[PDB]
Asks: 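I have a structure here, written as structure tokens, and I will follow up with some questions on it.
Below, chains carry the letters A, B, ... as their sequence lines are ordered, and counting in each starts from 1. Counting starts at 1 for both ligands and their atoms, following the listed order. Atom set for the values below is all heavy atoms of this structure, side chains included, hydrogens, waters and symmetry mates excluded.
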Amino acid sequence: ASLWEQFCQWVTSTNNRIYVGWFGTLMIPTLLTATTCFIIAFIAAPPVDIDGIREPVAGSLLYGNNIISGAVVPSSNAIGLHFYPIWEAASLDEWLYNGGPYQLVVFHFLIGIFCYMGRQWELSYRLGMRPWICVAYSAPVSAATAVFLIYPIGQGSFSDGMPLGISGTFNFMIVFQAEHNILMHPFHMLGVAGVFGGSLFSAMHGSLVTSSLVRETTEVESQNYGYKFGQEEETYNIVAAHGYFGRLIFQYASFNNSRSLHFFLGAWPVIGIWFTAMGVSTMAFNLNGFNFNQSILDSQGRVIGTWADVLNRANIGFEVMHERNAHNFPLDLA
Amino acid sequence: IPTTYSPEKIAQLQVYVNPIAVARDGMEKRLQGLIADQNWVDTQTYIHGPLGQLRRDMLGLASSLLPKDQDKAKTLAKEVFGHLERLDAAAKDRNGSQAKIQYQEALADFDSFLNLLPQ
Amino acid sequence: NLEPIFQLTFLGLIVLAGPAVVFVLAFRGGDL
Amino acid sequence: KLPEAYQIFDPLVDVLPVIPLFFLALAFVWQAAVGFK
Amino acid sequence: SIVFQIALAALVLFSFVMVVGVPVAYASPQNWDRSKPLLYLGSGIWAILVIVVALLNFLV
Amino acid sequence: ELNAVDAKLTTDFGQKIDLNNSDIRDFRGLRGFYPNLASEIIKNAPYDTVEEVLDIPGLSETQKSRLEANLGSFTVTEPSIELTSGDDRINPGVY
Amino acid sequence: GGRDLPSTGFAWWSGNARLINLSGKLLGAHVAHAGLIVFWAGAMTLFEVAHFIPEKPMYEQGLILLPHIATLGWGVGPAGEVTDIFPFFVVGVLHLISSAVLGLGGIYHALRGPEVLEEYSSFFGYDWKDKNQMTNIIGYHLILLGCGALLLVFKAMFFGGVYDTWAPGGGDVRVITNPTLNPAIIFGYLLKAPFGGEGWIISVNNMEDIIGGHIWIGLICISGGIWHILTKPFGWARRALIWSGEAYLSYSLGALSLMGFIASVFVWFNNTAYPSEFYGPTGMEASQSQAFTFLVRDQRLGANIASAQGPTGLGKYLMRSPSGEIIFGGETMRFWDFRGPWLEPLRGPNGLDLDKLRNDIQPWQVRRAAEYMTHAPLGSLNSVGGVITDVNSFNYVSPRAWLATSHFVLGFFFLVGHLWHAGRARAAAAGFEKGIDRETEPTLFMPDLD
Amino acid sequence: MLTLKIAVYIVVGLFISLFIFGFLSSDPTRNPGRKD
Amino acid sequence: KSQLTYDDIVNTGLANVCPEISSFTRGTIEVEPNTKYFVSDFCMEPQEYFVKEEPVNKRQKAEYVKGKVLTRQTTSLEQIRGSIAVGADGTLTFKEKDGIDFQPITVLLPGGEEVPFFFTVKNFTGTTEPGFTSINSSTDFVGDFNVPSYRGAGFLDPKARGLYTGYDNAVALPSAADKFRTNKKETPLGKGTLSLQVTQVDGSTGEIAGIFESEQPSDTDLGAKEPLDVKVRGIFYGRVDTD
Ligand code: CLA
Ligand code: CLA
Ligand code: CLA
Ligand code: CLA
Ligand code: CLA
Ligand SMILES: CC1=C(/C=C/C(C)=C/C=C/C(C)=C/C=C/C=C(C)/C=C/C=C(C)/C=C/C2=C(C)CCCC2(C)C)C(C)(C)CCC1
Ligand SMILES: CC1=C(/C=C/C(C)=C/C=C/C(C)=C/C=C/C=C(C)/C=C/C=C(C)/C=C/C2=C(C)CCCC2(C)C)C(C)(C)CCC1
Ligand SMILES: CCCCCCCCCCCCO[C@@H]1O[C@H](CO)[C@@H](O[C@H]2O[C@H](CO)[C@@H](O)[C@H](O)[C@H]2O)[C@H](O)[C@H]1O
Ligand code: OEX
Ligand SMILES: [Ca+2]
Ligand SMILES: [Cl-]
Ligand SMILES: [Cl-]
């Protein structure tokens, strides 16, 4: 009736090709802002003094990077955790030199992904669905927040956020291992279980369904045309898939309830990713992976090495070289 | 409960007496002139700086002292610290008159504290 | 010494106390 | 440490804090005794 | 001073007895006639025990 | 082509303690030098010759005697600003 | 209430959902859980007291509850040295005994007490839809929380005071006599940017502000309690919110997630409500301390730390912040917002003052910087202190690290719980929490997207 | 810069106000199930 | 500056501003014929930066071009201590002794070229003309100062080449490793010329203020490329201890 009611009816309309929703009214502007800035900066941003030592790092394609090496470089260590919007720079050139694009992109991206998760809930509510797809989505969001927000906060600088680039991601990872021994952190072990197992279960479920497809096609056409969109009849034989799998391992290890099976498929990677996100978030406070350096001593008291000591050698090698000009004092505390 | 000064008990007091004597000399010399010059920043820096161990040292005086002079010394040190806190408050608000008042208070209570010092 | 021994005795008595409560309720027919 | 009169039960205070873990376990024990109805 | 230790050990023994009995007493409606007074009694005694210990803390 | 420090390591600077280029850590092997006498020597550099290390203004008799005992370990080379700038003779980033 | 799936519709692993409409049983569960909380407080305190070496600092001994008691001004004196171990013991005992009582009451209500309370009393009986009764319970609890805030205030004012790490003459337990009631400061804390150098409420740096903010919190909470006892929710609130037990749970879960995040940050950054005397240095403090330690050492060696440039051309020991202030050089440039009682005597209006650095540095400051640098909140999961590449001989993990990590994890999982319950509460109110009804599948009445 | 700051503040305030007032606008009733 | 606290100064940029004396100030500081007076808190605030661009043509005027500072309010020398000695004839000699007497500064030029330079007053000796029996508005201390290499000898380039540390060659290309001129790092000690024109003397408090203009070389990046000429214009303040 009223103009406001009509606007509300429009934003919450399930007939829009892309659902907008109230969370969308924040998602769309912030995500477009982050995207526009990201594209512009990745292509054309000048070098950024990430370490705050006036040693700018070229991230953009126009300054000699390829796609693999290019990045939006995190803001300067001199900035630390300070808010550095465009209007706090004396000039755009200053803002760029100190890595302002990184902050702009990251803050808008994070707002956008949280609004994306809210929007998933909102649309499920408008469609009369159950509400928990957004809960599964909270795992990737948690990981992204850990690497772009929580870790820089614990470490005291956005300079220590993950760079927005491929090689920058690898650099982040290597230094993270050197400083926190993430490989020897059980939460990362759980994340690895999450992703390895999620891929295993994806392959297993896809293969069992594909194996038990009901014959509805010929050998010439794709078997995919055997399924018609919106049929209630089941397109595969779950009992035959259960027969196969319960004979592959043993009967009681195989799901015969599709609902429990799909709950397990959802829950396993999501829980693993939550755990690895929490691992990164707690190593943000320097609660690091296990340290078994010199755990095994011989009877005299000489150290007997283990694979943990070899790993520590690799970590030291990474550590002594990273940010080679940034350290003035013997302990890498900050 | 010897309740009497001795050659050896005095030397165990000296390890705290030296810092407190240096602190009192500084309080007479530098802090007074910092307050007189209306220099609140340096006043706060002095009372949190060279004085930043006064409570510990002077309670080591008090608790390791005569049974008669233990509670008295503790109370006198507490009064000194209260005046020091009011000094900090007056310096933070740029209150010269109140600052000089609290300075005289703290200095007099410090003199009263050092009065019950053997030798 | 005996500190681990005493500690383990306390721990074991505690460990039994809960399951003992449940087992007694189950066997004597109390509500569960 | 504990004041002197209480160090006969030092080894009990050593194990007291983990008790709520046992309560969480006891919930499952109780559900197992009822067959997880 | 040994009386303090005895009271402490008594309080721990009666706390163990209470930890065992209380859930059974509340979870047996049939034997609630004779376990409702016991409850009362035991609680009072446990309360008394605590009081004794507290007093003995300042006596020892 | 050696830059300038490597050419320094070619000279006596690379064989013994140079009073005009050596870091303060390099005096640690001289018993009684680190840190006080070593700091004094570095402060009162440069020296044209080794013997004027004995002419440091304000020196003390025990320090004098230590310098005379350890004269043999000293050399004087032209002060290379690479080893001198930034107070690197005190802290060259080595821990 | 049923106690199995056929008569409740909930499996055993969701069995507590069976309590949603059994008000007496739910009260029993809550009281028993409160007993668990108080029990842990008491038992953990007794454990920490037993495992306490009172002349070794608290933060070196894996203690998280004793620092809370010390900060409140119990059992500690100047520089935080433990005077009387008995107050820690009494706090632990009192919690343990009251935990026994709470557990007994929770067990009574959960196992024998009346199943529902509504037909026994109107006062304690409640219905989740009873907006007036729900706001009454909010009001009673708001009054209680205001009382607790004023309890903190009373301890700081009239019952021995609190530990002031900023105390002149050295950090000490002092009585706060002039709390700031000035609403400008109190509520401008809440308006400060949550970013570097501002630190929204994490930046509160004096016990006067803390105590005055708690006076304000007490008044706000009590007035809100009375407000909610005497009113019912307005139309706007009734139209915007979901009114159900699971909805109220979800709202509280969101609140708890926010609080957990805030506490993790608070313990990580704030050294006023978490004095470094009991909690050890913050990470920022430790980095600054290392810079200070080597400034002092190289200065004693003869380095002119004012004019020494490092390899990059920035000052080795001193440099300018982007706003011009004189700060420690090196990577610790990121931590120039740090303020601590051992460093502020050397800070002038422009930042670090060359004159104080050259002739005002005290031996206690040198000792403190060494201690804080060597207790940087860095450590392995198996409690090996230092940087991760160090060897096994230093058994230390900062209490700040334990608290911050644990509370960040709890905050996140309570955000997840909030999402779960908010989504479920909405779906249940709209009636599709059990799946799509085949007859009335909404998408089937919707036009095709393209 | 100040023009930018004011403009961004206006834009952000309008978007936040939209979101808030939308969710206040009887949002639980905008569903295909029950309206109570 | 003024008379506030670090709390009032923090994050304002005021920490980078050199204190100023007053407006009704035309005093003079009488000086003994042959005695030296300490200078306590000497501050230099740069405001204008020009880089002498190098034409490819030849033989043509280079035309200093105005640059813009990419580094933030980190450009000021302060807390500098020095001395002024009054010559036998009457000459005034300012000698910088120490303090925060350097700042790395990067300026952007039109065309996208970035010019780092080591803005400093290190070991500045400056003199006036003879016949000065006072410090006044005509006191112009013209002198020289040293400019250390922007990067120290401990700096490592992106391929970990350095002067007293790092590789002496291009290790990523084993068969061409010794082929690169940048395999040899240098840190030459450059020369700058400074002039401090005193414009305002408060003889009672001892404060002098004025304008300064300095000319120096820019970063060579360990001798990788030729130094540009950077001119800096700004203001200065100091306190002269009369007693
Ligand atoms: C905020 C909670 C908290 C914090 C910060 C601490 C911190 C500390 N405790 Mg402690 N404790 C706690 C709760 C806590 N505790 C509880 C609830 C108990 C009862 C069991 C105890 C009983 C206890 C004892 C007996 C001891 C400690 C000790 C310590 C110190 C050593 C820590 C350590 O090495 O553990 C090791 C770390 C681990 C074992 C890892 C735990 C990881 C858990 C499982 C994370 C769970 C993840 C997630 C929440 C799962 C659910 C999510 C789901 C959706 C999947 C340290 C300061 C020790 C000490 O030094 O005493 C002075 C010590 O001896 N605590
Ligand atoms: C804090 C944890 C907690 C609490 C307070 C409760 C509380 C409750 N749950 Mg429960 N639950 C929990 C965790 C908890 N649960 C967990 C982790 C699971 C998953 C395994 C479940 C799964 C579950 C199911 C499936 C059901 C409940 C139900 C109930 C209610 C009835 C209890 C009952 O009759 O069973 C009786 C059990 C006993 C009588 C065994 C003895 C228990 C006593 C209290 C042990 C106390 C020992 C203690 C040391 C003694 C101290 C006494 C004194 C001296 C201090 C009750 C209010 C039921 C319900 O909802 O009712 C409608 C129900 O069907 N829960
Ligand atoms: C929030 C916690 C809580 C709540 C809401 C209730 C609520 C209720 N209880 Mg229960 N109870 C509790 C905790 C709680 N209890 C605990 C911890 C115990 C162990 C001691 C008990 C043991 C218990 C028994 C044995 C019985 C009840 C009964 C009842 C019901 C009747 C109340 C009544 O009229 O008596 C009158 C209320 C008063 C006389 C007011 C007294 C207030 C307390 C006792 C004094 C202290 C006040 C304190 C200063 C306030 C703040 C507390 C402080 C710790 C912060 C009622 C629904 C009775 C029942 O179910 O009837 C059928 C009943 O048989 N309770
Ligand atoms: C835990 C304590 C508590 C709880 C659960 C409630 C709960 C409630 N109160 Mg409330 N209240 C409290 C304490 C509490 N109150 C206290 C202590 C006071 C005294 C100041 C009040 C005074 C009060 C008034 C005057 C009113 C309520 C009302 C309400 C009802 C609806 C309000 C609402 O939608 O919330 C959420 C708030 C909104 C939806 C408005 C938007 C607020 C902004 C935009 C949120 C932004 C916050 C920001 C993102 C977080 C950053 C932190 C900080 C920087 C701000 C609700 C049931 C209303 C009511 O129904 O009256 C009976 C009402 O008018 N209360
Ligand atoms: C105050 C907080 C709170 C409260 C009162 C509830 C209450 C409830 N929840 Mg909920 N939840 C919460 C927080 C809370 N939740 C949080 C933070 C999350 C995010 C993880 C969830 C996610 C969640 C889900 C997915 C579900 C519920 C459900 C429920 C209902 C039944 C749950 C049950 O029986 O438990 C039974 C208890 C168990 C099965 C034991 C769980 C053990 C956990 C997974 C591991 C414990 C780890 C812990 C750190 C200890 C480590 C041990 C280590 C030593 C090895 C119930 C009303 C159910 C529901 O929706 O009902 C309608 C349901 O499906 N909740
Ligand atoms: C309901 C239910 C449940 C739960 C339960 C609960 C939650 C509980 C609780 C409870 C509690 C919470 C308790 C308690 C207790 C306590 C006690 C029993 C005590 C005591 C005492 C004593 C004896 C002490 C002693 C001492 C002292 C005095 C001091 C010194 C030391 C000592 C220790 C010696 C479950 C889950 C199972 C399931 C089923 C249902
Ligand atoms: C004590 C203290 C202090 C103080 C503090 C204070 C004073 C406070 C406060 C506070 C407050 C006073 C707060 C608050 C809050 C709020 C919130 C948190 C909210 C919200 C919201 C919401 C949640 C909403 C939602 C919604 C929307 C958005 C729309 C639709 C509907 C709904 C409801 C959904 C200080 C710092 C000084 C110091 C320290 C201590
Ligand atoms: C070393 C040998 C191997 C050790 C094995 C250890 C694991 C064994 C299983 C752990 C116990 C699980 O507990 C099992 O739960 C199931 C739920 O399906 C319940 O199953 C049972 O419930 C009740 C018992 O009260 C019976 O009336 C019912 O007919 C039966 O199905 C029982 O409670 C128990 O059989
Ligand atoms: O910034 Mn990037 O990583 Ca974090 O650890 Mn310290 O800082 Mn830097 O050195 Mn290693
Ligand atoms: Ca023990
Ligand atoms: Cl690197
Ligand atoms: Cl560093």
Asks: Short list, please: which atoms of ligand 2 are under 4.0 Å from a heavy atom of E:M18?
Replies: 54 (C)
Asks: Report the nearest protein non-hydrogen atom to atom 31 (C) of ligand 6: residue, atom name, distance rounded to 0.1 Å.
Replies: D:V13 CG2, 4.1 Å
Asks: In the protein, what heavy atom is nearest to atom 33 (C) of ligand 6, and what distance, to one decimal place, separates them?
Replies: D:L16 CD1, 3.8 Å
Asks: Which ligand 2 atoms are under 4.0 Å away from a heavy-atom of G:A110?
Replies: 57 (C)
Asks: Which residue from D:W30, G:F89, G:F39 reaches closest to atom 38 (C) of ligand 6 through any of its heavy atoms?
Replies: D:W30
Asks: To the nearest 0.1 Å, how far is atom 32 (C) of ligand 6 from its closest protein heavy atom, and which atom is that?
Replies: E:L8 CD1, 4.7 Å
Asks: Just to check, does D:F23 reach to within less than 4.0 Å of ligand 2 when the distance is taken from its heavy atoms?
Replies: yes
Asks: Shortest non-hydrogen contact from A:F158 to A:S75?
Replies: CB-OG, 3.4 Å
Asks: For ligand 2, which atoms, with element, lie under 4.0 Å from some heavy atom of C:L25?
Replies: 39 (C)
Asks: Any atom of ligand 6 sitting under 4.0 Å from a heavy atom of G:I107?
Replies: no
Asks: Taking only heavy atoms of C:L32, which atoms of ligand 2 are found under 4.0 Å from at least one of them?
Replies: 37 (C), 38 (C), 39 (C), 40 (C)
Asks: Identify the protein heavy atom lying closest to atom 22 (C) of ligand 6, giving its residue, its atom name and the separation to 0.1 Å.
Replies: E:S15 OG, 3.9 Å
Asks: Measure from atom 28 (C) of ligand 6 to every heavy atom in C:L32, E:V12, E:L11 and give the option owning the shortest one.
Replies: E:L11
Asks: Identify the protein heavy atom lying closest to atom 59 (C) of ligand 2, giving its residue, its atom name and the separation to 0.1 Å.
Replies: G:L19 CD2, 3.8 Å
Asks: Considering only heavy atoms, which of G:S99, G:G35, G:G105, E:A9 lies nearest to atom 13 (C) of ligand 6?
Replies: G:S99
Asks: Identify the protein heavy atom lying closest to atom 4 (C) of ligand 2, giving its residue, its atom name and the separation to 0.1 Å.
Replies: G:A29 CB, 4.4 Å
Asks: Tell me the contacting part of G:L46 for ligand 6: side chain, backbone, both, or neither, using a 4.0 Å heavy-atom threshold, strictly below.
Replies: neither
Asks: Any protein heavy atom at under 4.0 Å, with atom 40 (C) of ligand 6 as the reference point?
Replies: no
Asks: Is the closest side-chain donor-acceptor distance between A:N171 and A:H322 under 3.5 Å?
Replies: no
Asks: Tell me the protein heavy atom at minimum distance from atom 9 (C) of ligand 6, and give that distance in Å.
Replies: D:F23 CE2, 3.5 Å
Asks: Closer than 4.0 Å and a protein heavy atom, does any atom meet both conditions relative to atom 15 (C) of ligand 6?
Replies: yes
Asks: Hey, is G:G2 one of the residues with a heavy atom under 4.0 angstrom from ligand 2?
Replies: yes
Asks: Would G:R3 count as being in polar contact with ligand 2, using the rule that some N or O on each side must be under 3.5 angstrom apart?
Replies: yes
Asks: What is the closest protein heavy atom to atom 57 (C) of ligand 2, and at what distance does it sit?
Replies: G:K25 O, 3.2 Å
Asks: Which bit of G:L26 gets closer than 4.0 Å to ligand 2, counting heavy atoms only: side chain, backbone, both or neither?
Replies: neither
Asks: How far is atom 22 (C) of ligand 2 from the closest protein heavy atom, and which atom is that?
Replies: G:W12 O, 3.6 Å
Asks: Counting only heavy atoms, tell me which of C:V22, C:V21, E:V19, G:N16 gets closest to atom 21 (C) of ligand 2.
Replies: G:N16
Asks: Out of all atoms in ligand 2, which are within 4.0 Å of some heavy atom of G:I107? Include the element for each.
Replies: 44 (C), 46 (C), 50 (C), 51 (C), 52 (C)
Asks: For atom 42 (C) of ligand 2, what is the nearest protein heavy atom, given as residue, atom name and distance?
Replies: G:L111 CD1, 4.3 Å
Asks: List the closest protein heavy-atom neighbour of atom 26 (C) of ligand 2: residue, atom name, distance to the nearest 0.1 Å.
Replies: D:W30 CH2, 3.6 Å
Asks: Minimum heavy-atom separation for E:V19 to C:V21, with atom names?
Replies: O-CG2, 4.1 Å
Asks: Within a distance under 4.0 Å of any heavy atom of E:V22, pick out the atoms of ligand 2 and give their elements.
Replies: 52 (C), 53 (C), 54 (C)
Asks: Nearest protein heavy-atom contact for atom 19 (C) of ligand 6: which residue, which atom, what distance?
Replies: G:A100 CB, 4.0 Å
Asks: Tell me which part of E:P23 gets within contact of ligand 2: side chain, backbone, both or neither, using heavy atoms under 4.0 Å.
Replies: side chain
Asks: Under a 4.0 angstrom heavy-atom cut-off, which atoms of ligand 6 come close to E:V19?
Replies: 18 (C)
Asks: Considering heavy atoms of the protein only, find what lies nearest to atom 24 (C) of ligand 2 and give residue, atom and distance to 0.1 Å.
Replies: G:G15 CA, 3.5 Å
Asks: Protein heavy atom under 4.0 angstrom of atom 35 (C) of ligand 6, is there one?
Replies: no
Asks: Any idea which protein heavy atom is nearest atom 18 (C) of ligand 2, and the distance to it?
Replies: D:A27 CB, 4.2 Å
Asks: Among all protein non-hydrogen atoms, which one is nearest to atom 1 (C) of ligand 6, and what is the separation to 0.1 Å?
Replies: G:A110 CB, 4.2 Å
Asks: Under a 4.0 Å heavy-atom limit, does G:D4 contact ligand 2 with its side chain, its backbone, both, or neither?
Replies: neither
Asks: Looking at ligand 2, does any of its N/O atoms fall within less than 3.5 Å of an N/O of G:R18?
Replies: yes
Asks: Under 4.0 Å from ligand 2, counting heavy atoms only, is it the side chain of G:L22, its backbone, both or neither?
Replies: side chain
Asks: Pull out every atom of ligand 2 sitting under 4.0 Å from any heavy atom of D:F28, numbered as shown with elements.
Replies: 20 (C)
Asks: Quick one: does G:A100 get within less than 4.0 Å of ligand 2, heavy atoms only?
Replies: yes
